[PDB]
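Participant: Dropping a structure here in structure tokens format, bear with me for questions.
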Amino acid sequence: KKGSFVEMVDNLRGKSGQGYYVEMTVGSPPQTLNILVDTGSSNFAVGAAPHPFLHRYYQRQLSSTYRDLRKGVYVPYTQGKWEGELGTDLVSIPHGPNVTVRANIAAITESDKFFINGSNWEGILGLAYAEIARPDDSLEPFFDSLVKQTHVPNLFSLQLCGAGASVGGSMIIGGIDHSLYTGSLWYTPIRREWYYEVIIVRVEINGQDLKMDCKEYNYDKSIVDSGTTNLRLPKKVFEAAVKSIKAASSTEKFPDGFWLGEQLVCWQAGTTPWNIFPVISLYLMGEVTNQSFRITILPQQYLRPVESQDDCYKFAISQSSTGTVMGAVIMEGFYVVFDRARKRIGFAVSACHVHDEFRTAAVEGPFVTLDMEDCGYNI
Ligand SMILES: COc1cccc(CN2C[C@@H](C(=O)N[C@@H](Cc3ccccc3)[C@H](O)CNCc3cccc(N(C)C)c3)NC2=O)c1
Ligand SMILES: [Cl-]
Ligand SMILES: [Cl-]
Ligand SMILES: [Cl-]
Ligand SMILES: [Cl-]
Ligand SMILES: [Cl-]
């Protein structure tokens, strides 16, 4: 088995807070575009018409292999939205596996709060499941096509590396790079194939249990989404966590506006008091019954740096109304394997994650845990 994907390592770039993107080409001849890797979506969409924030776009009339599906589509995100027309064309991933597949493409022609100013990406690659793709489930997502058409295993892995202003990382398509992690890989089942839904069974702050019905941890749902920057948490859980994180960091008090992400905090260049902030742990349901494992992040993860003579950051743990979102603040600590064939998601300490001399993120297990099925929410 291949354990070294030399060509795919370091194929991701991005700017802090604006997502990670991979270079792709569409059309004949190939048109190069930077695409946002978003495991919280299932639509492959690219800018397909002029827009001030786009350095370049997809020109359908210049592609021989272009085909119009003669159908429209729009997609509402959390705050940004776009509208386009469906079609298909050949697509590639230069620094990915050497193959060219035909996939569905939403040519974006109208958008709002979508493309960012100077983001450097021009499209979005939703890697989730068909179940949530617009217009409806019959529009086969990109990864699904790539799989049926080539001999690439049904699985991709992601190592997102923060920093402390250009992020990086690698998206290994079809396999697992042993160079990207240390220790062992722990798997949590994928509850349902729509978003990448998992189940959190216990939460800890510097070792101290949050002590809540574990149903509150997955209230609505919990998903791994590289398309979200923060560690979004349900209203009730978010409340408990900030109280705890505040008690733990009490050596220094901060304006209520910090804990709300509204305002950032600063410290003399390189004197950030990391040690005063607690570590955060999430126990995920493991594969064997009554077994769970633990993933732990550091302030370096949830205190996202933001562009003086100081190092400033903003709190990256926000409240959410739609369940828990394990955003980049979570992901950046691990090498995350989206083993789709075996309906599970693996976590391992990331070999690039940002940390100081004394602490490191971690993944430990197993922990004898009972009654985990009831940690999941149902309609
Ligand atoms: C990817 O990192 C980022 C890049 C730019 C901006 C941001 C900030 N915001 C955007 C925001 C947000 O809208 N995130 C979605 C991806 C995205 C990024 C930037 C612009 C537009 C869309 C992500 O897919 C959300 N997943 C849950 C979700 C919500 C609503 C609808 C769906 N569907 C239809 C399946 C799915 N998440 C953020 O954290 C993050
Ligand atoms: Cl090897
Ligand atoms: Cl390779
Ligand atoms: Cl269609
Ligand atoms: Cl729009
Ligand atoms: Cl420190």
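To be explicit about the labels: the chains of the structure tokens are called A, B, and onward in the order shown, and within each one the residues are counted from 1, while ligands get numbers from 1 in the order they are shown.
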Once you count only C-alpha atoms and all ligand atoms, which residues end up within 12 Å of ligand 3, and could you hand them over as a list in words?
Facilitator: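 So, counting only C-alpha atoms and all ligand atoms, the residues near ligand 3 are residues 2, 3, 4, 5, 6, 7, 8, 9, 10, 11, 93, 94, 95, 96, 97, 98, 99, 152, 170, 171, 172, 173, 174, 175, 176 and 177 of chain A.
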Participant: Can you write out the residues you just picked, keeping N, CA, C and O atoms, as a CSV table (one decimal), in the first residue's frame?
Facilitator:
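Written output follows (result_0.csv):
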chain,number,residue,atom,x,y,z
A,2,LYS,N,0.4,2.3,-0.7
A,2,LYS,CA,1.1,3.6,-0.8
A,2,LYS,C,0.9,4.3,0.6
A,2,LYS,O,-0.2,4.4,1.1
A,3,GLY,N,2.0,4.8,1.1
A,3,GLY,CA,2.0,5.6,2.3
A,3,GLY,C,2.6,6.9,2.2
A,3,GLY,O,2.7,7.7,3.1
A,4,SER,N,3.1,7.2,1.0
A,4,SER,CA,3.8,8.4,0.7
A,4,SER,C,3.3,9.0,-0.6
A,4,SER,O,3.6,8.6,-1.7
A,5,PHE,N,2.4,10.1,-0.5
A,5,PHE,CA,1.9,10.7,-1.7
A,5,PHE,C,2.6,12.0,-2.0
A,5,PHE,O,2.1,13.1,-1.9
A,6,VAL,N,3.9,11.8,-2.3
A,6,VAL,CA,4.8,12.9,-2.7
A,6,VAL,C,4.3,14.0,-3.5
A,6,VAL,O,4.5,15.2,-3.1
A,7,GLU,N,3.5,13.8,-4.5
A,7,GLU,CA,2.9,14.8,-5.3
A,7,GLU,C,1.8,15.6,-4.7
A,7,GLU,O,1.5,16.8,-5.1
A,8,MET,N,1.1,15.0,-3.7
A,8,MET,CA,-0.1,15.7,-3.1
A,8,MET,C,0.2,16.5,-1.8
A,8,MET,O,-0.5,17.3,-1.4
A,9,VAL,N,1.4,16.2,-1.2
A,9,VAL,CA,1.8,16.9,0.0
A,9,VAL,C,2.0,18.4,-0.3
A,9,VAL,O,2.6,18.8,-1.3
A,10,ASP,N,1.4,19.2,0.6
A,10,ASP,CA,1.5,20.7,0.5
A,10,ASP,C,0.8,21.3,-0.7
A,10,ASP,O,1.2,22.3,-1.2
A,11,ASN,N,-0.3,20.6,-1.2
A,11,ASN,CA,-1.0,21.2,-2.3
A,11,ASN,C,-2.1,22.2,-1.9
A,11,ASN,O,-2.9,22.6,-2.7
A,93,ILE,N,-6.8,17.8,-11.2
A,93,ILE,CA,-6.2,18.3,-10.0
A,93,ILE,C,-4.7,18.1,-10.3
A,93,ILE,O,-4.2,17.0,-10.1
A,94,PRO,N,-4.0,19.2,-10.7
A,94,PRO,CA,-2.6,19.1,-11.0
A,94,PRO,C,-1.8,18.5,-10.0
A,94,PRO,O,-1.0,17.6,-10.2
A,95,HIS,N,-1.9,19.0,-8.7
A,95,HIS,CA,-1.2,18.4,-7.6
A,95,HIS,C,-2.0,17.4,-6.9
A,95,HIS,O,-1.9,17.2,-5.7
A,96,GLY,N,-2.8,16.6,-7.6
A,96,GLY,CA,-3.6,15.6,-7.0
A,96,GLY,C,-3.4,14.3,-7.8
A,96,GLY,O,-2.3,14.2,-8.3
A,97,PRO,N,-4.3,13.4,-7.9
A,97,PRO,CA,-4.0,12.2,-8.6
A,97,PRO,C,-4.0,12.5,-10.1
A,97,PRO,O,-4.8,13.3,-10.6
A,98,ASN,N,-3.1,11.8,-10.9
A,98,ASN,CA,-3.1,12.1,-12.3
A,98,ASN,C,-4.2,11.4,-13.1
A,98,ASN,O,-4.1,10.3,-13.6
A,99,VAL,N,-5.3,12.1,-13.2
A,99,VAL,CA,-6.5,11.6,-13.9
A,99,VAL,C,-7.3,12.8,-14.2
A,99,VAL,O,-7.2,13.9,-13.6
A,152,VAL,N,-9.2,5.5,-8.1
A,152,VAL,CA,-8.8,6.1,-6.8
A,152,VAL,C,-9.7,5.6,-5.7
A,152,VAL,O,-10.9,5.6,-5.8
A,170,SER,N,-2.3,19.9,3.2
A,170,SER,CA,-2.4,19.0,2.0
A,170,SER,C,-3.6,18.2,2.0
A,170,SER,O,-4.1,17.7,3.1
A,171,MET,N,-4.1,18.0,0.8
A,171,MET,CA,-5.3,17.2,0.6
A,171,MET,C,-4.9,15.9,-0.1
A,171,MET,O,-4.6,16.0,-1.4
A,172,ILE,N,-4.8,14.8,0.6
A,172,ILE,CA,-4.4,13.6,0.0
A,172,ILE,C,-5.6,12.9,-0.6
A,172,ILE,O,-6.5,12.4,0.1
A,173,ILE,N,-5.7,12.8,-1.9
A,173,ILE,CA,-6.8,12.2,-2.5
A,173,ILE,C,-6.7,10.7,-2.8
A,173,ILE,O,-5.8,10.3,-3.5
A,174,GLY,N,-7.5,9.9,-2.2
A,174,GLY,CA,-7.4,8.4,-2.4
A,174,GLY,C,-6.5,7.7,-1.5
A,174,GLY,O,-6.3,6.5,-1.7
A,175,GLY,N,-5.9,8.3,-0.5
A,175,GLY,CA,-5.0,7.5,0.4
A,175,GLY,C,-4.6,8.2,1.7
A,175,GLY,O,-5.1,9.3,2.0
A,176,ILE,N,-3.7,7.6,2.4
A,176,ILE,CA,-3.2,8.2,3.7
A,176,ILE,C,-1.7,8.3,3.7
A,176,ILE,O,-1.0,7.3,3.7
A,177,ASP,N,-1.3,9.6,3.8
A,177,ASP,CA,0.2,9.9,3.9
A,177,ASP,C,0.7,9.8,5.4
A,177,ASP,O,0.3,10.6,6.2
Participant: If you count only C-alpha atoms, which residues fall within 10 Å of residue 330 in chain A, apart from same-chain ones fewer than 3 positions away, as a PDB file with N, CA and C atoms, in the first residue's frame?
Facilitator:
ATOM      1  N   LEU A 160      -4.751  20.341   7.671  1.00  0.00           N
ATOM      2  CA  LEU A 160      -4.785  21.794   7.545  1.00  0.00           C
ATOM      3  C   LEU A 160      -3.801  22.396   8.554  1.00  0.00           C
ATOM      4  N   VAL A 224     -18.038  17.557  10.697  1.00  0.00           N
ATOM      5  CA  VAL A 224     -16.656  17.970  10.479  1.00  0.00           C
ATOM      6  C   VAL A 224     -16.738  18.783   9.193  1.00  0.00           C
ATOM      7  N   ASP A 225     -16.429  20.068   9.274  1.00  0.00           N
ATOM      8  CA  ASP A 225     -16.563  20.927   8.108  1.00  0.00           C
ATOM      9  C   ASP A 225     -15.382  21.861   7.872  1.00  0.00           C
ATOM     10  N   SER A 226     -14.532  21.503   6.908  1.00  0.00           N
ATOM     11  CA  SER A 226     -13.362  22.314   6.563  1.00  0.00           C
ATOM     12  C   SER A 226     -13.790  23.631   5.916  1.00  0.00           C
ATOM     13  N   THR A 229     -14.537  28.134   9.562  1.00  0.00           N
ATOM     14  CA  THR A 229     -13.331  28.498  10.315  1.00  0.00           C
ATOM     15  C   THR A 229     -13.392  28.071  11.779  1.00  0.00           C
ATOM     16  N   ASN A 230     -14.461  28.458  12.472  1.00  0.00           N
ATOM     17  CA  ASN A 230     -14.576  28.183  13.892  1.00  0.00           C
ATOM     18  C   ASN A 230     -15.063  26.835  14.395  1.00  0.00           C
ATOM     19  N   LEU A 231     -15.025  26.710  15.716  1.00  0.00           N
ATOM     20  CA  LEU A 231     -15.507  25.534  16.410  1.00  0.00           C
ATOM     21  C   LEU A 231     -16.866  26.013  16.894  1.00  0.00           C
ATOM     22  N   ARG A 232     -17.860  25.932  16.038  1.00  0.00           N
ATOM     23  CA  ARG A 232     -19.177  26.386  16.420  1.00  0.00           C
ATOM     24  C   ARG A 232     -19.793  25.387  17.400  1.00  0.00           C
ATOM     25  N   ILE A 280      -8.845  21.960  25.103  1.00  0.00           N
ATOM     26  CA  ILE A 280     -10.222  21.517  24.917  1.00  0.00           C
ATOM     27  C   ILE A 280     -10.287  20.096  24.377  1.00  0.00           C
ATOM     28  N   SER A 281     -11.101  19.256  24.994  1.00  0.00           N
ATOM     29  CA  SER A 281     -11.179  17.873  24.567  1.00  0.00           C
ATOM     30  C   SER A 281     -12.551  17.414  24.178  1.00  0.00           C
ATOM     31  N   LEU A 282     -12.605  16.667  23.091  1.00  0.00           N
ATOM     32  CA  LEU A 282     -13.857  16.152  22.603  1.00  0.00           C
ATOM     33  C   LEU A 282     -13.735  14.653  22.486  1.00  0.00           C
ATOM     34  N   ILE A 295      -9.852  13.763  21.351  1.00  0.00           N
ATOM     35  CA  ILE A 295      -9.029  14.658  20.554  1.00  0.00           C
ATOM     36  C   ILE A 295      -8.901  15.952  21.361  1.00  0.00           C
ATOM     37  N   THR A 296      -7.699  16.521  21.424  1.00  0.00           N
ATOM     38  CA  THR A 296      -7.477  17.736  22.219  1.00  0.00           C
ATOM     39  C   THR A 296      -6.760  18.858  21.487  1.00  0.00           C
ATOM     40  N   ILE A 297      -7.323  20.065  21.537  1.00  0.00           N
ATOM     41  CA  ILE A 297      -6.680  21.213  20.894  1.00  0.00           C
ATOM     42  C   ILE A 297      -6.088  22.205  21.867  1.00  0.00           C
ATOM     43  N   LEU A 298      -5.369  23.177  21.326  1.00  0.00           N
ATOM     44  CA  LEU A 298      -4.708  24.172  22.153  1.00  0.00           C
ATOM     45  C   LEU A 298      -5.187  25.585  21.872  1.00  0.00           C
ATOM     46  N   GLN A 301      -4.911  26.880  18.647  1.00  0.00           N
ATOM     47  CA  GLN A 301      -5.937  26.499  17.673  1.00  0.00           C
ATOM     48  C   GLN A 301      -7.151  27.438  17.709  1.00  0.00           C
ATOM     49  N   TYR A 302      -7.757  27.610  18.886  1.00  0.00           N
ATOM     50  CA  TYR A 302      -8.946  28.449  18.989  1.00  0.00           C
ATOM     51  C   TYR A 302      -8.727  29.950  19.192  1.00  0.00           C
ATOM     52  N   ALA A 316     -12.079  31.998  18.540  1.00  0.00           N
ATOM     53  CA  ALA A 316     -12.668  31.231  17.451  1.00  0.00           C
ATOM     54  C   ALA A 316     -13.666  30.147  17.824  1.00  0.00           C
ATOM     55  N   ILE A 317     -14.308  30.296  18.975  1.00  0.00           N
ATOM     56  CA  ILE A 317     -15.327  29.344  19.413  1.00  0.00           C
ATOM     57  C   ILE A 317     -16.632  30.117  19.485  1.00  0.00           C
ATOM     58  N   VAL A 325     -20.177  22.428  14.961  1.00  0.00           N
ATOM     59  CA  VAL A 325     -19.404  22.391  13.717  1.00  0.00           C
ATOM     60  C   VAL A 325     -17.939  22.275  14.078  1.00  0.00           C
ATOM     61  N   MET A 326     -17.320  21.158  13.725  1.00  0.00           N
ATOM     62  CA  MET A 326     -15.904  21.007  14.015  1.00  0.00           C
ATOM     63  C   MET A 326     -15.159  21.668  12.851  1.00  0.00           C
ATOM     64  N   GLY A 327     -14.999  22.986  12.952  1.00  0.00           N
ATOM     65  CA  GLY A 327     -14.336  23.752  11.913  1.00  0.00           C
ATOM     66  C   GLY A 327     -12.836  23.596  11.893  1.00  0.00           C
ATOM     67  N   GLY A 333      -5.544  20.742  14.277  1.00  0.00           N
ATOM     68  CA  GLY A 333      -4.715  20.058  15.238  1.00  0.00           C
ATOM     69  C   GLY A 333      -4.445  18.636  14.784  1.00  0.00           C
ATOM     70  N   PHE A 334      -5.241  18.143  13.852  1.00  0.00           N
ATOM     71  CA  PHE A 334      -5.066  16.766  13.416  1.00  0.00           C
ATOM     72  C   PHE A 334      -4.981  16.499  11.923  1.00  0.00           C
ATOM     73  N   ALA A 361      -1.273  19.199  20.590  1.00  0.00           N
ATOM     74  CA  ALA A 361      -2.615  18.645  20.484  1.00  0.00           C
ATOM     75  C   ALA A 361      -2.444  17.140  20.735  1.00  0.00           C
TER      76      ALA A 361
END
Participant: What residues of the protein or nucleic acid chains come within 8 Å of ligand 4 when you use only C-alpha atoms and all ligand atoms? Reply as a list in words.
Facilitator: residues 69, 70, 71, 86, 138 and 139 of chain A
Participant: Which one of A:309, A:350, A:61, A:31 sits closest to residue 159 in chain A if you count only C-alpha atoms?
Facilitator: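 Under the stated criterion, the closest residue is A:350.
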Participant: Report, in Å with one decimal, the straight-line distance from CA of residue 109 in chain A to CA of residue 47 in chain A.
Facilitator: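 Result for CA of residue 109 in chain A versus CA of residue 47 in chain A: 6.8 Å, one decimal.
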Participant: Pick out the residues no farther than 8 Å from ligand 5, counting only C-alpha atoms and all ligand atoms, and list them as JSON, numbers by chain.
Facilitator: {"A": [74, 81, 82, 83, 110, 111, 112]}
Participant: Around ligand 1, at most 6 Å away and counting only C-alpha atoms and all ligand atoms, which residues are there? Put them as a list in words, please.
Facilitator: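 Every residue with an atom at most 6 Å from ligand 1 is listed here: residues 17, 18, 19, 38, 40, 41, 75, 76, 77, 78, 79, 80, 114, 132, 226, 227, 228, 229 and 230 of chain A.
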Participant: Rounded to one decimal place, report the CA of residue 189 in chain A-CA of residue 44 in chain A distance in Å.
Facilitator: 25.3 Å
Participant: What do you get as a JSON list (two decimals) with N, CA and C atoms, in the first residue's frame if you pick all residues at most 7 Å from ligand 6, counting only C-alpha atoms and all ligand atoms?
Facilitator:
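Saved file part_31.json follows:
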[["chain", "number", "residue", "atom", "x", "y", "z"],
["A", 272, "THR", "N", 2.58, 36.06, 24.04],
["A", 272, "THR", "CA", 1.23, 35.57, 24.22],
["A", 272, "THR", "C", 1.27, 34.53, 25.32],
["A", 273, "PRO", "N", 0.47, 34.73, 26.37],
["A", 273, "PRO", "CA", 0.37, 33.84, 27.53],
["A", 273, "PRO", "C", -0.46, 32.60, 27.23],
["A", 274, "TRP", "N", 0.04, 31.76, 26.34],
["A", 274, "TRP", "CA", -0.69, 30.54, 25.99],
["A", 274, "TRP", "C", -1.05, 29.72, 27.23],
["A", 275, "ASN", "N", -0.08, 29.51, 28.11],
["A", 275, "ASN", "CA", -0.32, 28.67, 29.27],
["A", 275, "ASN", "C", -1.51, 29.03, 30.15],
["A", 356, "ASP", "N", 3.34, 25.29, 21.21],
["A", 356, "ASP", "CA", 4.55, 25.79, 21.82],
["A", 356, "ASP", "C", 5.34, 24.64, 22.44]]
Participant: Between A:117, A:179, A:222, A:64, which one has atoms that come closest to ligand 2, using only C-alpha atoms and all ligand atoms?
Facilitator: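 Closest residue, counting only C-alpha atoms and all ligand atoms: A:179.
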Participant: As JSON, numbers by chain, which residues of range 29-178 of chain A does DSSP assign to strand (DSSP E)?
Facilitator: {"A": [31, 32, 33, 34, 35, 36, 37, 38, 44, 45, 46, 47, 67, 68, 69, 70, 71, 72, 73, 74, 75, 76, 81, 82, 83, 84, 85, 86, 87, 88, 89, 90, 91, 92, 100, 101, 102, 103, 104, 105, 106, 107, 108, 109, 110, 111, 112, 123, 124, 125, 126, 156, 157, 158, 159, 160, 161, 166, 167, 168, 169, 170, 171, 172, 173]}
Participant: I'd like the contact shell of range 192-194 of chain A - 7 Å cut-off, only C-alpha atoms, skipping same-chain residues fewer than 3 positions apart - returned as a PyMOL selection string.
Facilitator: chain A and resi 128-132+197
Participant: Please, which residues of range 72-207 of chain A, numbered as in this document, come out alpha helix (DSSP H) from DSSP, as a list in words?
Facilitator: residues 142, 143, 144, 145, 146, 147, 148 and 149 of chain A
Participant: Store the residues picked out above, limited to N, CA and C atoms, as a PDB file, in the first residue's frame.
Facilitator:
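Output (again.pdb):
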ATOM      1  N   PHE A 142     -18.727  15.978  -6.988  1.00  0.00           N
ATOM      2  CA  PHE A 142     -17.459  15.728  -7.658  1.00  0.00           C
ATOM      3  C   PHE A 142     -16.665  14.515  -7.216  1.00  0.00           C
ATOM      4  N   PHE A 143     -16.397  14.397  -5.925  1.00  0.00           N
ATOM      5  CA  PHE A 143     -15.620  13.258  -5.444  1.00  0.00           C
ATOM      6  C   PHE A 143     -16.242  11.924  -5.870  1.00  0.00           C
ATOM      7  N   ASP A 144     -17.567  11.851  -5.862  1.00  0.00           N
ATOM      8  CA  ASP A 144     -18.267  10.631  -6.265  1.00  0.00           C
ATOM      9  C   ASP A 144     -17.933  10.278  -7.701  1.00  0.00           C
ATOM     10  N   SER A 145     -17.807  11.291  -8.551  1.00  0.00           N
ATOM     11  CA  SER A 145     -17.508  11.061  -9.960  1.00  0.00           C
ATOM     12  C   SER A 145     -16.075  10.585 -10.061  1.00  0.00           C
ATOM     13  N   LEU A 146     -15.163  11.369  -9.506  1.00  0.00           N
ATOM     14  CA  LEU A 146     -13.751  11.030  -9.524  1.00  0.00           C
ATOM     15  C   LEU A 146     -13.523   9.560  -9.161  1.00  0.00           C
ATOM     16  N   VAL A 147     -14.351   9.031  -8.267  1.00  0.00           N
ATOM     17  CA  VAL A 147     -14.183   7.664  -7.810  1.00  0.00           C
ATOM     18  C   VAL A 147     -14.661   6.623  -8.785  1.00  0.00           C
ATOM     19  N   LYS A 148     -15.864   6.818  -9.305  1.00  0.00           N
ATOM     20  CA  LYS A 148     -16.436   5.873 -10.236  1.00  0.00           C
ATOM     21  C   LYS A 148     -15.694   5.830 -11.549  1.00  0.00           C
ATOM     22  N   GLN A 149     -15.032   6.923 -11.905  1.00  0.00           N
ATOM     23  CA  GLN A 149     -14.334   6.985 -13.184  1.00  0.00           C
ATOM     24  C   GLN A 149     -12.882   6.569 -13.209  1.00  0.00           C
TER      25      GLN A 149
END
